[PDB]
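See structure below.
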Protein chains: 2
Amino acid sequence: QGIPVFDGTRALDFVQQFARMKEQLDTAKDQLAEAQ
Amino acid sequence: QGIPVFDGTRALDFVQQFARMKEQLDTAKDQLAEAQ
């Protein structure tokens with residue numbers, strides 16, 4: 001679009017959110033293994 | 001709104017987040033198939 005901007009704060013926040021999503025995915029896979 | 005801005009960094013980050021949400025959804029569907 002126009003006038004690109006780098007929201008430096010969201011980068012750290014997005015890294016943390018990505019880590020928590022990884023951990024949620026790992027827990028879900030553990031549940032799947034348990035059910036199997 | 002006003003003065004549109006393209007946060008080029010979030011685009012890559014959003015792609016990664018979308019991939020992880022896809023994988024979470026796939027795991028949830030696998031759990032559902034297991035329970036059924």
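Here Cβ is always computed from backbone atoms with ideal geometry, including for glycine, and neighbour counts include all displayed protein chains. Laboratory data are not the source of any read-out in this text; all were calculated from the coordinates shown.
Seen from A:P4, the other residues with C-beta closer than 13 Å to its C-beta sum to a net charge of -1, counting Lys and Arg as +1 and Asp and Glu as -1.
Taken along the Cα-to-beta-carbon direction at a fixed 7 Å, the label points for A:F6 and B:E34 span 4.2 nm. The residues packed around B:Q31, meaning those with a beta-carbon under 12 Å from its beta-carbon, carry a net charge of -3 if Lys and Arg are +1 and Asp and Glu are -1.
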